[PDB]
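Protein chains in written order, with the entry's author numbering: chain A, 26 to 56, 67 to 91, 101 to 784; chain B, 20 to 168; chain C, 21 to 137.
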Amino acid sequence: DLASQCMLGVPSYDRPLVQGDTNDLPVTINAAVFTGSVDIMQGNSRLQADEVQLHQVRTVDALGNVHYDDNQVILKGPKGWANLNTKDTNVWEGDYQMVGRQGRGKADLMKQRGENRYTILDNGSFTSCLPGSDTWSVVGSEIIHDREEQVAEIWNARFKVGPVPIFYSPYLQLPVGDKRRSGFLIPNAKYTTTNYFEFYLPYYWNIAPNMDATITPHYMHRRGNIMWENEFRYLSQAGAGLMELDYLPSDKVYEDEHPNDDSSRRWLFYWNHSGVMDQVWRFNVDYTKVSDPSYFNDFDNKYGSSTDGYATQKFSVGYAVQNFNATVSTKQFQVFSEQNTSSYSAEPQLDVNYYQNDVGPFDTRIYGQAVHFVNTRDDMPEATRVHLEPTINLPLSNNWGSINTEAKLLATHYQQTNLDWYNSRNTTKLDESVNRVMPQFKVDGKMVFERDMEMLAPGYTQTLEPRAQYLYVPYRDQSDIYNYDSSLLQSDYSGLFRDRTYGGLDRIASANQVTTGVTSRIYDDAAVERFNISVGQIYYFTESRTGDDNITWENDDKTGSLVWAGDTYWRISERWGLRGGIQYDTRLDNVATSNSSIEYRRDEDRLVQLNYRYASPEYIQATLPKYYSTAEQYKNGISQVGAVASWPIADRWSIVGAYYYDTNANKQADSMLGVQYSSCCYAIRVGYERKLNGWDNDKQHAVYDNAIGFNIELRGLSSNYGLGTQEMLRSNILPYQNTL
Amino acid sequence: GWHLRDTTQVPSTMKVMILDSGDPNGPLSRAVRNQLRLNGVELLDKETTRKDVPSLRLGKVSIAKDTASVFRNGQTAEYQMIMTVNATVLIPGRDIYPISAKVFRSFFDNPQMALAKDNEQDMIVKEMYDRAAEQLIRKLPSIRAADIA
Amino acid sequence: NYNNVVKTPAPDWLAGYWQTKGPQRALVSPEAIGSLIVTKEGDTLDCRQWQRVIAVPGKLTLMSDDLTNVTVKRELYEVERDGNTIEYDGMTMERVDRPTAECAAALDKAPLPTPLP
Numbered sequence: 026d027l028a029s030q031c032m033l034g035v036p037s038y039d040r041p042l043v044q045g046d047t048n049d050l051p052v053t054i055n056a067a068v069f070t071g072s073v074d075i076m077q078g079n080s081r082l083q084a085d086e087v088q089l090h091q101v102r103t104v105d106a107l108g109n110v111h112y113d114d115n116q117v118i119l120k121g122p123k124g125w126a127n128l129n130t131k132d133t134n135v136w137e138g139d140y141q142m143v144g145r146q147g148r149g150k151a152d153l154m155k156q157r158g159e160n161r162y163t164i165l166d167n168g169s170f171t172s173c174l175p176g177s178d179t180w181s182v183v184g185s186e187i188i189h190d191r192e193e194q195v196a197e198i199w200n201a202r203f204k205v206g207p208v209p210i211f212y213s214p215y216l217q218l219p220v221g222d223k224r225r226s227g228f229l230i231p232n233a234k235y236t237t238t239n240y241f242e243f244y245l246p247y248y249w250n251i252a253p254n255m256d257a258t259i260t261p262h263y264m265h266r267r268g269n270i271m272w273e274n275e276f277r278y279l280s281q282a283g284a285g286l287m288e289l290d291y292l293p294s295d296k297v298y299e300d301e302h303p304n305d306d307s308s309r310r311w312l313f314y315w316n317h318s319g320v321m322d323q324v325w326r327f328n329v330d331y332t333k334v335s336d337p338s339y340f341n342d343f344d345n346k347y348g349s350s351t352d353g354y355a356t357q358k359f360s361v362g363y364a365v366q367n368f369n370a371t372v373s374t375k376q377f378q379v380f381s382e383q384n385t386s387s388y389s390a391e392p393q394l395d396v397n398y399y400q401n402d403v404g405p406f407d408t409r410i411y412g413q414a415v416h417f418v419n420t421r422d423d424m425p426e427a428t429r430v431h432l433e434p435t436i437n438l439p440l441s442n443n444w445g446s447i448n449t450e451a452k453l454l455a456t457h458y459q460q461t462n463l464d465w466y467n468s469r470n471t472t473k474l475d476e477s478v479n480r481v482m483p484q485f486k487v488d489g490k491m492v493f494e495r496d497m498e499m500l501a502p503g504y505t506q507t508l509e510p511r512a513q514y515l516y517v518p519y520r521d522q523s524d525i526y527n528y529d530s531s532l533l534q535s536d537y538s539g540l541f542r543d544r545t546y547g548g549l550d551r552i553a554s555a556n557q558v559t560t561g562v563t564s565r566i567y568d569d570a571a572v573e574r575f576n577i578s579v580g581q582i583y584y585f586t587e588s589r590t591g592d593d594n595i596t597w598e599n600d601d602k603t604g605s606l607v608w609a610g611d612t613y614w615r616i617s618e619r620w621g622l623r624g625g626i627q628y629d630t631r632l633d634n635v636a637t638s639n640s641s642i643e644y645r646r647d648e649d650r651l652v653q654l655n656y657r658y659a660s661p662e663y664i665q666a667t668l669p670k671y672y673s674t675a676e677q678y679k680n681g682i683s684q685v686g687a688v689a690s691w692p693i694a695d696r697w698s699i700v701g702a703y704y705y706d707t708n709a710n711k712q713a714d715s716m717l718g719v720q721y722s723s724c725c726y727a728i729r730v731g732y733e734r735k736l737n738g739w740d741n742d743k744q745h746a747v748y749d750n751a752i753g754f755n756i757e758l759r760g761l762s763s764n765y766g767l768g769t770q771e772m773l774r775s776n777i778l779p780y781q782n783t784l
Numbered sequence: 020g021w022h023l024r025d026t027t028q029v030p031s032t033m034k035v036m037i038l039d040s041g042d043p044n045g046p047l048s049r050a051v052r053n054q055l056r057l058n059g060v061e062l063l064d065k066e067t068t069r070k071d072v073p074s075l076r077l078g079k080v081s082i083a084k085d086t087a088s089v090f091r092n093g094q095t096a097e098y099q100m101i102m103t104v105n106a107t108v109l110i111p112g113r114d115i116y117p118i119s120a121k122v123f124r125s126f127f128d129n130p131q132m133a134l135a136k137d138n139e140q141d142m143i144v145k146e147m148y149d150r151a152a153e154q155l156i157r158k159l160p161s162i163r164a165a166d167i168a
Numbered sequence: 021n022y023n024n025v026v027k028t029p030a031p032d033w034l035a036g037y038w039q040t041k042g043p044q045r046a047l048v049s050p051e052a053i054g055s056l057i058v059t060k061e062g063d064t065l066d067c068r069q070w071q072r073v074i075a076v077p078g079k080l081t082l083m084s085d086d087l088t089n090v091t092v093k094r095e096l097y098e099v100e101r102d103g104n105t106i107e108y109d110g111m112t113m114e115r116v117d118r119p120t121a122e123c124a125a126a127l128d129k130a131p132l133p134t135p136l137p
């Protein structure tokens, strides 16, 4: 390994270690004047010389190849001097080394004044590479090594990489250790295709033990103006935030592509707070605001990418003792795509609860809500909502079964206002006062079987658990209630057993279904499951008619076994894996979704992966909005195929890759390729990308973007001793996930 | 040739369990508590003057959401969400024992009805807890087997 | 697991005192030596010194018809002969009577269970 390979350059203190004051420690002399290999043993400090003369104010004069060995310092030099009163020593021209950590140097006139650890040179130079390798040096005139915190100081500095200087500005400090010091950082570069160049120049700050600041200018050569990029961080009695702000004075390409505007500016505002004060109160903020609805296509950020549709703006406040709750939230949104902008928003919500759990053999629970919708264009309806939900359980149990009989009683009372335009235009008319009361009923069940596999595997056990369900929600006409927060849900195997078809509380479908399904499982000898298969159907006794059935299937059947599902999970060994999934629908006459995966993970650096996805065009025709079925960009569905890899070469290199095909119309959706060196003094990093971006309207031809990153770092006077692989495997538009 | 289950889902030694966590009122500490109460184990909280009972200390919960598919113009199609839970059983006398859990879910995206697509994520992250709190219970019989050896 | 590894005695030619002579092109550059001390019973000791001495023990075992050495940290090093030379990662040795003083003292600090030739 590189760490163990480089570790054999730093000498270590093998002699016994003594903790405490060294002033009262005994003195040993081996040889007033002593001639010939004089040895001194004073605590951890050891001195060697051909000639040592002691003159007592105790002064010791050592001459001739004088050595030194302290707890964290080794010296060398012909002429020496010593004193016991202040623990100060003087050593002439020679070489010095750092023991216990890397660090090397040479000087003309040294000094080891006992006060703290301040050493002084006169023509010195402090590098960080192992002996025998000349790559870089920090050459100055006077250097003072302070060791109370982890700080170094340099005067008249002249950074040299080889026998050539590349720097000036005398007072600069190299922070050696693992303590934060307020200073500059290292720049980067790029050659992206939207702007012909790129350049950064960070700046750090450490206001308090829990505070930060990361001011960072930025160059955008194509445009021509520096875009300032501030930052912030904190940590307090409630969580930790990540405030941000990215100002930019003006542009030129934006003034040319989009003329006749007042001014061209840019900004941003990020804020992510999440904490739990004391033990009851809860807090949450997820603000994100942008200036123009094209920001993410342009200069990129680490808080949002090209694949995006809106920008969330949410608050929260919470109380939760043990059987109670409350919340005053606020959700608003902002849509980027400038095609149709009529998004809704939620004004202060409310969510009460209650959890009394011992009444007789039954249970108890209550819900509640009070919301006030408002739309963003002066003429779409705005309304109010109140909700209630008393429920009751009756759980049974046994060693091999269960029953979960349930009940409920829903209620709601809208009050709609500002109904002029919608009432005048369309046919169905909305009213100003509606109500809705509908009961429910649900019965559950379960079983478990077992066996001892006599077959190939001796000692393996197999289980087989069936299941069942029921449902009954009466039918009430809901054509007088605008659809505010209702969407059609998916149905995997886990979602098969559910009492809701539409999310939210605006539209509730009728039901007379009878679900089923079985599940098997093969255990190991020491109760380690390594196999799950699953099937399940649904038998509609009567279709679900919510009152507004504006869905366009191919064959319109109502009753019969309609939905199906599936699942699998294999765990071949500790360094493998396999997953899957599949849906179906007799109303579409085609598979609606399908997944797959496979993995191999020997360590954090070697891994391979494959995957598959699917979505039939009839799904996108019967679920997504109406303009998703006639445009040439969305009508064909998703049929992509991917692959990931990574494998170290020799002991310092690392190679990464990616790919994502699209078999429906042969194209390419991603490509990444980044090598990475790791020496004992520096590192190197490269990158690439071929992401998709935009859709040209003229001849229906997509637009691609290239990119070439670059990085460098000073390594050796720190603790980071790992190759950068995970930090580079999460940079493409479709990041990598762990499926083991 | 099959026979019904004759043992218990939770082994016959840990039928008096002590729960401990950092947020005794969060969603996970409700899901696990209810799931345990379903199986019959009585939970004496507020660690007291008894030393005969195995404990259970919960850990770090993380949720990650990212893109998984793209249309033919760059936009997003499907999101994918992952949860990771960690817990350590603390059988008295002997050493600790670590367990884990992991769930996978996905859903489509719709930029025209964003608000309705924010009340579908909440149901998903509410019902994923009921599986991340069932894998942990299903891993319990493995601990007893590693304790009898 | 290192403990579960079954010790397999080395052949006659493998047993001895191996000491690399010259630059090894795998240990920094100026002057480094990586020595091997292996008994007749398959117990190993890795000796390296440039400015500091670090030694890791291990045992010899067979795998895929190849004699593979496993250290404490689960390192899979295979041995192959080229004349009078044994070979594993970036290193080749001749037969030598005695090791360096530093690694001899290190062995004296941590003796191997088996008798040492």
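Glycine is no exception: its CB is placed at the ideal position from the N, C-alpha and C atoms.
Taking 8 Å as the CB threshold, residue 82 of chain B stays off the interface with chain A.
In this structure, DSSP gives residue 46 of chain C a state outside helix and strand, which the three-state scheme calls coil.
If you draw a 10 Å sphere on the C-beta of residue 520 of chain A, you find fewer than 16 other C-beta atoms in it, and that means exposed. Straight across, the Cα-Cα distance linking residue 588 of chain A with residue 682 of chain A is about 29 Å. The criterion of a C-beta distance shorter than 8 Å is not satisfied by residue 451 of chain A and residue 429 of chain A. In the three-state DSSP reduction, residue 465 of chain A falls in the helix class (H, G or I).
The C-beta of residue 240 of chain A has fewer than 16 other C-beta atoms within 10 Å across all chains shown, which makes the residue exposed. With fewer than three CB-CB distances shorter than 8 Å, the stretch 762-779 of chain A does not count as touching the stretch 26-38 of chain B. Distances from the alpha-carbon of residue 392 of chain A to those of A:402, A:406 and A:360 put A:360 closest.
Listed as beta-bridge partners of residue 81 of chain A by DSSP are A:76 and A:113. Apart from sequence neighbours up to five positions away, the residues of its chain that approach residue 487 of chain A with a beta-carbon distance below 6 Å are 449 and 514, ordered along the chain.
Unbroken beta strand (DSSP E) stretches of 3 residues or longer found wholly inside the stretch 133-163 of chain A: 138-141 and 148-151, given in chain order. The beta-bridge partner set that DSSP reports for residue 67 of chain C consists of C:55 and C:75. If you compare the alpha carbons of A:352, A:354, A:355 and A:373 with that of residue 362 of chain A, the shortest gap goes to A:373.
With respect to chain A, the C-beta atom of residue 49 of chain C has a partner C-beta closer than 8 Å.
Residue 572 of chain A counts as exposed, since fewer than 16 other C-beta atoms from the protein chains shown sit within 10 angstroms of its C-beta. Contact residues of the stretch 335-352 of chain A toward chain B are 341, 349, 350, 351 and 352 (C-beta to C-beta distance below 9 Å). Counting other Cβ atoms within 10 Å of its Cβ, residue 93 of chain C stays below 16 and is therefore classed as exposed. The DSSP-derived three-state label of residue 56 of chain B is helix.
Within chain A, no C-beta atom comes less than 9 Å from the C-beta of residue 151 of chain B; the nearest is roughly 12 Å away.
Following the DSSP letters along the chain, one finds residue 127 of chain C inside the alpha helix (DSSP H) bounded by residues 121-129.
Using a C-beta cut-off of 8 Å, the stretch 60-80 of chain C makes contact with the stretch 24-36 of chain C, since at least three inter-stretch Cβ pairs fall below that distance. Using a Cβ-Cβ cut-off of 7 Å, residue 71 of chain C is close to 33, 34 and 36 of chain A, given in chain order. Around the CB of residue 678 of chain A, 16 or more other CB atoms lie within 10 Å, so the residue is classed as buried. Taking a contact to require three or more Cβ pairs closer than 8 Å, the stretch 756-764 of chain A and the stretch 717-728 of chain A qualify as touching.
In chain order, 48 make up the part of chain C whose C-beta sits under 8 Å from the C-beta of residue 174 of chain A. In the three-state reduction of the DSSP assignment, residue 168 of chain B falls in the coil class. For secondary structure counted as the beta strand (DSSP E) over 3 or more consecutive residues, the stretch 486-566 of chain A holds these complete runs in sequence order: 489-491, 493-496 and 505-512. For residue 628 of chain A, the secondary structure class from DSSP, reduced to helix, strand or coil, is strand. Note that the stretch 738-755 of chain A touches the stretch 232-251 of chain A; at least 3 beta-carbon pairs, one per stretch, sit closer than 8 Å. Remark: C-beta atoms of residue 512 of chain A and residue 559 of chain A approach each other more closely than 8 Å. Residues of the stretch 60-91 of chain C whose Cβ lies closer than 7 Å to any Cβ of chain A, in chain order: 68, 70, 71, 72 and 74.
When the Cα atoms are used, residue 347 of chain A and residue 298 of chain A turn out to be separated by approximately 23 Å.
Bounds of the alpha helix (DSSP H) holding residue 298 of chain A are 297-301. Looking only at A:595, A:186, A:480 and A:275, the smallest Cα-Cα distance to residue 312 of chain A is reached by A:275.
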